[PDB]
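Here's the structure we're looking at; comments come further down.
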Amino acid sequence: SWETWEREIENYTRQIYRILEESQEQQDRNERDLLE
Amino acid sequence: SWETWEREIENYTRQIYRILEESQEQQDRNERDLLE
Amino acid sequence: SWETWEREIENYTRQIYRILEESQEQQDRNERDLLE
Amino acid sequence: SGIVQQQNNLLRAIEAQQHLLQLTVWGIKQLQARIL
Amino acid sequence: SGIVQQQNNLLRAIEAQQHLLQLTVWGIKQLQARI
Amino acid sequence: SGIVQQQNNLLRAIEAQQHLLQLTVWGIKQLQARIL
């Protein structure tokens, strides 16, 4: 029950953080490219 | 009131799954438009 | 800790509602600009 | 149209997820009152 | 392309958040049932 | 510009929602520790 729950919570949390970092880097690139 | 809560959870879950499906379809269309 | 949790829920909820409001204003502007 | 339409799709998804999040906060507050 | 790639990023974030949200719902129902 | 600015707003909303999700997980873990 809860052991698996805590594992899944940590797995998706780690994924989200990775995706948020990648998205912030893409945001930064898109905003820079705006001025080209 | 938990029964009502379950019903509102079900309803919004269905709404977001529909929105995610439309979003995936649109993402595919936008990527293919750019490639093609 | 629970009194602090309740205040942090409130703080982030308020922020999200302001960002969602600004995002909707931007959606509206972007759609109008597309048309012109 | 496709990029701006995808912005609207993602905005609606976040809005629906915010409704779901308010529902989970209500549910936790209901348990909190009883359990402590 | 940069905008579309960013949309793909945000869509995947929202999808992963939805899985997390359904895990929190499962957790609350488990505790509701106990109480 | 209006599209890139809009993506920054959607990114901010998702990030704030992630904060809220971690707060809801902390609350469920607290309640679970008190019950089981």
Side-chain angles (χ1 to χ4, degrees), chain A residues 12 15-16 18-36, chain B residues 8-36, chain C residues 13 15-36, chain D residues 1-23, chain E residues 1-22, chain F residues 1-21:
Chain A
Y12 285 107
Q15 293 180 25
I16 289 164
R18 180 184 46 78
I19 297 157
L20 292 179
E21 298 192 23
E22 302 173 351
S23 306
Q24 188 51 65
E25 297 174 351
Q26 186 68 48
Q27 188 56 39
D28 295 337
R29 290 189 191 103
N30 289 342
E31 290 167 350
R32 283 202 293 274
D33 293 344
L34 221 33
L35 305 158
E36 306 294 306
Chain B
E8 291 310 292
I9 293 297
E10 175 213 315
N11 190 83
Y12 287 105
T13 298
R14 292 196 253 96
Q15 206 158 164
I16 187 145
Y17 276 104
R18 177 191 48 83
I19 298 162
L20 294 171
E21 183 153 332
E22 288 171 4
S23 293
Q24 182 53 49
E25 182 178 62
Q26 184 68 62
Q27 187 63 30
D28 292 345
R29 282 174 265 160
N30 293 339
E31 288 174 356
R32 291 306 268 192
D33 283 352
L34 284 180
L35 182 67
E36 295 278 22
Chain C
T13 296
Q15 296 191 43
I16 299 163
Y17 283 117
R18 294 325 174 283
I19 292 153
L20 290 175
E21 294 178 4
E22 299 186 1
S23 298
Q24 187 54 57
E25 300 179 21
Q26 295 173 318
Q27 188 59 29
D28 282 352
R29 170 120 232 286
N30 291 345
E31 288 169 355
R32 271 114 192 189
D33 289 350
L34 192 51
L35 197 59
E36 290 171 349
Chain D
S1 281
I3 284 171
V4 172
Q5 258 39 279
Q6 186 64 332
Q7 287 301 99
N8 186 246
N9 290 339
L10 297 171
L11 182 47
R12 288 159 55 209
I14 289 161
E15 288 187 28
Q17 250 158 6
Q18 179 59 22
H19 278 291
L20 288 168
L21 273 168
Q22 300 287 355
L23 286 161
Chain E
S1 282
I3 290 178
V4 165
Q5 190 169 321
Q6 182 61 325
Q7 291 183 324
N8 191 288
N9 291 331
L10 305 178
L11 176 54
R12 294 283 102 64
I14 289 161
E15 288 181 10
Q17 287 189 320
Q18 174 62 16
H19 286 269
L20 275 192
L21 198 54
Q22 289 300 331
Chain F
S1 280
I3 295 189
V4 172
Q5 289 176 14
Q6 175 71 321
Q7 295 183 319
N8 183 250
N9 283 289
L10 300 183
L11 178 47
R12 287 172 38 189
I14 290 174
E15 292 197 19
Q17 288 187 318
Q18 183 54 25
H19 277 292
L20 280 186
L21 274 166

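Note that these values count all heavy atoms, side chains included, but never hydrogens, waters or copies made by symmetry. Chain identifiers are assigned alphabetically (A, B, ...) following the order of the sequence lines, protein sequences preceding nucleic acid strands; residue numbering begins at 1 within each chain.
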## Note on the structure
One should read off an interatomic distance between D:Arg12 CZ and D:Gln17 CD, to the nearest 0.5 angstrom, of 13.5 Å
### Task
Decide whether C:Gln27 and D:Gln7 meet the rule of one side-chain donor and one side-chain acceptor closer than 3.5 Å.
no
### Task
Go through the steps to decide whether C:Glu22 and C:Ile19 satisfy the test side-chain contact (heavy atoms from CB on, under 4.5 Å), and finish with yes or no.
CA-CA 5 Å; C:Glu22 299 186 1; C:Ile19 292 153; 5.7 Å; no
### Query
OH/B:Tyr12 to CG/D:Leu20 distance, rounded to the nearest 0.5 angstrom?
8.0 Å
### Message
Once rounded to the nearest 0.5 Å, what's the spacing between atom CG of A:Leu35 and atom OG of F:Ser1?
### Response
8.0 Å
### Task
To the nearest 0.5 Å, tell me how far B:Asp33 CG sits from B:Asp28 CG.
11.0 Å
### Task
Can you measure from CD1 (C:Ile16) to CD (D:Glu15) and round to the nearest 0.5 angstrom?
12.0 Å
### Heavy atoms of other groups near B:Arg18 CZ, more than 12 under 6.0 Å
yes
### Task
For E:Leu11 and B:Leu20, run side-chain contact (heavy atoms from CB on, under 4.5 Å): C-alpha distance rounded to whole Å, both residues' side-chain angles, the deciding distance at 0.1 Å, then the answer.
CA-CA 8 Å; E:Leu11 176 54; B:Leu20 294 171; 3.9 Å; yes
#### Entry: Within 6.0 angstrom of A:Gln24 CD, more than 12 heavy atoms from elsewhere
yes
### Inter-residue atom distance E:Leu21.CG - B:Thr13.OG1, 0.5 Å rounding
7.0 Å
### Task
For the pair D:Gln6 and D:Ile3, evaluate side-chain contact (heavy atoms from CB on, under 4.5 Å) and give the outcome as yes or no after the intermediate values.
CA-CA 5 Å; D:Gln6 186 64 332; D:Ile3 284 171; 5.7 Å; no
### Query
So B:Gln15 and D:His19, side-chain contact (heavy atoms from CB on, under 4.5 Å) or not? Walk me through it.
CA-CA 11 Å; B:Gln15 206 158 164; D:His19 278 291; over 6 Å; no
### Message
Under a 4.0 Å threshold between the charged nitrogen and the carboxylate oxygen, would B:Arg29 count as salt-bridged to B:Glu25?
### Response
yes
### B:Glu10/B:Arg14 salt bridge by N-O under 4.0 Å criterion
yes
### Task
Scan side-chain atoms only and decide if B:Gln26 and D:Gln5 contain a donor-acceptor pair under the 3.5 Å cut-off.
no
### Query
If we ignore angles and hydrogens, is there a donor and acceptor under 3.5 Å between the side chains of B:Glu31 and E:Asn8?
yes
### Message
Closer than 3.5 angstrom, by distance alone: can the side chain of B:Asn30 be matched with the main-chain N or O of D:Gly2 as a donor-acceptor pair?
### Response
yes
